[PDB]
Amino acid sequence: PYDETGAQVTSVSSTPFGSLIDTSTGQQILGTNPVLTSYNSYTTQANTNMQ
Amino acid sequence: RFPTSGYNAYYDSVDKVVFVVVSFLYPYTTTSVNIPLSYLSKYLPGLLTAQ
């Protein structure tokens, strides 16, 4: 599979969730946004707060 | 007026404004000083996302 700069890379580099840019703000998402911590603790988070 | 040679000019693409810093009061009046990004980010949050 191709990558940026037209180079074929043998391994995939994941795009970090925290590096995504908000559409309604124009800025990268924070490190303390609730969904990020929810993803980082999904087991306990969904077990406790049922969200 | 700002000079056309030796001047400083900056542009923020998130706050999408052209800004320039000028030193007036003591001590820095005629001597250039370095303005940290984190403290200038207080008056312009966009500098935190896009340099």
# chains A, B, ... in the order shown; residues from 1 in each chain; ligands from 1
>>> residues_around(residues="segment 20-35 of chain A", least_positions_apart="5", cutoff="9 Å", atoms="only C-alpha atoms", output="VMD selection string")
(chain A and resid 15 40) or (chain B and resid 14 46 48 to 50)
>>> write_last_selection(atoms="C-alpha atoms", output="JSON list (two decimals), in the first residue's frame")
[["chain", "number", "residue", "atom", "x", "y", "z"],
["A", 15, "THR", "CA", -2.98, 8.14, 13.24],
["A", 40, "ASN", "CA", -8.14, 4.80, 27.30],
["B", 14, "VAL", "CA", -6.04, 29.04, 13.20],
["B", 46, "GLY", "CA", -4.57, 29.35, 17.75],
["B", 48, "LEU", "CA", -1.10, 26.30, 20.25],
["B", 49, "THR", "CA", -2.49, 24.27, 17.32],
["B", 50, "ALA", "CA", -0.71, 25.71, 14.27]]
>>> residues_around(residues="residue 38 of chain B", least_positions_apart="5", cutoff="10 Å", atoms="only C-alpha atoms", output="PyMOL selection string")
chain B and resi 43-45+47-48
>>> write_last_selection(atoms="N, CA and C atoms", output="short mmCIF file (atom, residue, chain, number, x, y, z; two decimals), in the first residue's frame")
data_model
loop_
_atom_site.label_atom_id
_atom_site.label_comp_id
_atom_site.auth_asym_id
_atom_site.auth_seq_id
_atom_site.Cartn_x
_atom_site.Cartn_y
_atom_site.Cartn_z
N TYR B 43 -3.46 35.17 24.73
CA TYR B 43 -4.21 36.13 23.94
C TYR B 43 -4.55 35.64 22.54
N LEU B 44 -3.96 34.53 22.11
CA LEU B 44 -4.27 33.93 20.81
C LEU B 44 -4.14 32.41 20.94
N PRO B 45 -5.24 31.72 21.23
CA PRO B 45 -5.17 30.26 21.41
C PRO B 45 -4.68 29.51 20.17
N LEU B 47 -2.21 29.79 18.25
CA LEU B 47 -0.79 29.50 18.20
C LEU B 47 -0.45 28.16 18.84
N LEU B 48 -1.34 27.61 19.67
CA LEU B 48 -1.10 26.30 20.25
C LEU B 48 -1.31 25.17 19.25
#
>>> select_by_dssp(residues="chain A", states="alpha helix (DSSP H)", output="PyMOL selection string")
chain A and resi 34-40+42-49
>>> atom_distance(atom1="atom CA of residue 13 of chain B", atom2="atom CA of residue 51 of chain B")
8.4 Å
>>> select_by_dssp(residues="chain A", states="strand (DSSP E or B)", output="PyMOL selection string")
chain A and resi 2+8+21+28
>>> decode(residues="segment 23-39 of chain B", atoms="N, CA and C atoms", output="PDB file, in the first residue's frame")
ATOM      1  N   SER B  23       8.009  45.901  21.437  1.00  0.00           N
ATOM      2  CA  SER B  23       8.453  46.151  22.802  1.00  0.00           C
ATOM      3  C   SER B  23       8.529  47.654  23.039  1.00  0.00           C
ATOM      4  N   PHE B  24       7.811  48.132  24.057  1.00  0.00           N
ATOM      5  CA  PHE B  24       7.738  49.564  24.329  1.00  0.00           C
ATOM      6  C   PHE B  24       8.388  49.945  25.651  1.00  0.00           C
ATOM      7  N   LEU B  25       7.933  49.370  26.761  1.00  0.00           N
ATOM      8  CA  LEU B  25       8.339  49.832  28.079  1.00  0.00           C
ATOM      9  C   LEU B  25       9.647  49.189  28.525  1.00  0.00           C
ATOM     10  N   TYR B  26      10.135  49.655  29.671  1.00  0.00           N
ATOM     11  CA  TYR B  26      11.377  49.193  30.271  1.00  0.00           C
ATOM     12  C   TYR B  26      11.261  47.714  30.628  1.00  0.00           C
ATOM     13  N   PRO B  27      12.335  46.927  30.479  1.00  0.00           N
ATOM     14  CA  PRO B  27      13.657  47.296  29.943  1.00  0.00           C
ATOM     15  C   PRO B  27      13.709  47.301  28.420  1.00  0.00           C
ATOM     16  N   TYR B  28      12.934  46.438  27.765  1.00  0.00           N
ATOM     17  CA  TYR B  28      13.052  46.218  26.327  1.00  0.00           C
ATOM     18  C   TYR B  28      12.313  47.317  25.575  1.00  0.00           C
ATOM     19  N   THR B  29      13.064  48.294  25.073  1.00  0.00           N
ATOM     20  CA  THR B  29      12.509  49.355  24.244  1.00  0.00           C
ATOM     21  C   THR B  29      13.104  49.346  22.842  1.00  0.00           C
ATOM     22  N   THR B  30      14.430  49.252  22.737  1.00  0.00           N
ATOM     23  CA  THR B  30      15.102  49.167  21.446  1.00  0.00           C
ATOM     24  C   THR B  30      15.784  47.826  21.221  1.00  0.00           C
ATOM     25  N   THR B  31      15.751  46.931  22.203  1.00  0.00           N
ATOM     26  CA  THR B  31      16.396  45.631  22.106  1.00  0.00           C
ATOM     27  C   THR B  31      15.343  44.547  21.916  1.00  0.00           C
ATOM     28  N   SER B  32      15.548  43.711  20.903  1.00  0.00           N
ATOM     29  CA  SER B  32      14.617  42.633  20.608  1.00  0.00           C
ATOM     30  C   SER B  32      14.648  41.582  21.711  1.00  0.00           C
ATOM     31  N   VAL B  33      13.471  41.042  22.022  1.00  0.00           N
ATOM     32  CA  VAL B  33      13.323  40.021  23.050  1.00  0.00           C
ATOM     33  C   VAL B  33      12.517  38.870  22.462  1.00  0.00           C
ATOM     34  N   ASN B  34      12.739  37.674  23.000  1.00  0.00           N
ATOM     35  CA  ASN B  34      12.037  36.482  22.552  1.00  0.00           C
ATOM     36  C   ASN B  34      10.773  36.276  23.375  1.00  0.00           C
ATOM     37  N   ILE B  35       9.647  36.160  22.685  1.00  0.00           N
ATOM     38  CA  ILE B  35       8.332  35.987  23.289  1.00  0.00           C
ATOM     39  C   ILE B  35       8.004  34.498  23.271  1.00  0.00           C
ATOM     40  N   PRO B  36       7.819  33.866  24.430  1.00  0.00           N
ATOM     41  CA  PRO B  36       7.461  32.443  24.453  1.00  0.00           C
ATOM     42  C   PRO B  36       6.107  32.198  23.804  1.00  0.00           C
ATOM     43  N   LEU B  37       5.978  31.031  23.172  1.00  0.00           N
ATOM     44  CA  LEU B  37       4.728  30.650  22.528  1.00  0.00           C
ATOM     45  C   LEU B  37       3.607  30.418  23.536  1.00  0.00           C
ATOM     46  N   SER B  38       3.914  29.793  24.674  1.00  0.00           N
ATOM     47  CA  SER B  38       2.895  29.421  25.649  1.00  0.00           C
ATOM     48  C   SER B  38       2.243  30.626  26.317  1.00  0.00           C
ATOM     49  N   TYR B  39       2.986  31.712  26.533  1.00  0.00           N
ATOM     50  CA  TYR B  39       2.400  32.892  27.158  1.00  0.00           C
ATOM     51  C   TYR B  39       1.648  33.757  26.159  1.00  0.00           C
TER      52      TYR B  39
END
